[PDB]
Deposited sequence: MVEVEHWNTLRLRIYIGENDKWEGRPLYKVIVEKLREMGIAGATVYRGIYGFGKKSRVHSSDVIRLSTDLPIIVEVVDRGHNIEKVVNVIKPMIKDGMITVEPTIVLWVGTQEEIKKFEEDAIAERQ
């Protein structure tokens, strides 16, 4: 019955591990921005293989669960930095925290 929010969204950012932004690993910059943006949190996963119609470059997935508006901000910031990968989003229910 108790839930933090019912309009929470799960954002997933798929990029290659070697993708770069101004010489730095794109995922680190992305995670860096999320931090100074005051976003709830994030989890980064590294796949063992991946491919996108549109492998020395393992997949890295940056996942962020937050309120809708916050996630909209993030997409608007990160869209420019990503020329190859994908961004998905779907609702989810957050039950606990700390």
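- Unmodelled segments of the deposited chain, in sequence order: 1, 56 to 66, 111 to 127.
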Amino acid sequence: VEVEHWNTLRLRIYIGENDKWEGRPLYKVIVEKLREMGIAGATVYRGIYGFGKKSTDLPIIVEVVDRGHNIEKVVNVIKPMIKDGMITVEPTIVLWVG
From here on, numbers count along this sequence of modelled residues.
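- For the segment pair 11 to 19 and 79 to 87, the entry gives 79 to 87 the higher mean B-factor, averaged over Cα atoms.
- Legend: mean Cα B-factor per stretch from the PDB entry, 31 to 39 versus 58 to 66; the higher mean is in 31 to 39.
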